[PDB]
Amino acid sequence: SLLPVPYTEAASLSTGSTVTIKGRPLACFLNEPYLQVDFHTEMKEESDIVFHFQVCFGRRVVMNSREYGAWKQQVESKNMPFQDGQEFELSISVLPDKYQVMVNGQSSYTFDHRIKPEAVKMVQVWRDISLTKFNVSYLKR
């Protein structure tokens, strides 16, 4: 929609940071659109990924990290709070021990830190969505 997709923003994260995303799938869930959010260690798209979050709408969510070019241990969830045909609000909070993903206000996934969040330099949001809002908060020391 308003923001370009794939969407890339330079970013820094630490405990207390929140990444907020508002968007809509580009296809009905029968057609299995995807959503992906990657927290990268550099601006380059081939850089390592501290937190990879990939939704296959209506089916499953996979989370992982990519470290020195290699994918690590995948975490697979069948939790599916996203609603067919609807706009979603996604919040990703940086807690001391993990990322916490809220979907439409509901805690829905968490992922323990494998790499310190301070390693993040870029966030990419892409695949089969339109994006109307993206924000990273910067209020904490």
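In this text, residue numbers run from 1 along the sequence as written.
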Higher average CA B factor in the deposited record is what I'm after, so tell me if that's 55-63 or 34-42. 55-63
Averaging only over Cα atoms, indicate whether 73-81 or 101-109 has the higher B-factor in the PDB entry. 73-81
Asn135's Cα B-factor: lowest, middle or highest third of the chain? lowest
Sorting the chain's modelled residues by C-alpha B-factor, tell me whether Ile49 ends up in the lowest, middle or highest third. lowest
Third assignment of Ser14 from its chain's C-alpha B-factors: highest
Would you mind ranking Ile21 by its C-alpha B-factor against the rest of the chain and naming the third, lowest, middle or highest? highest
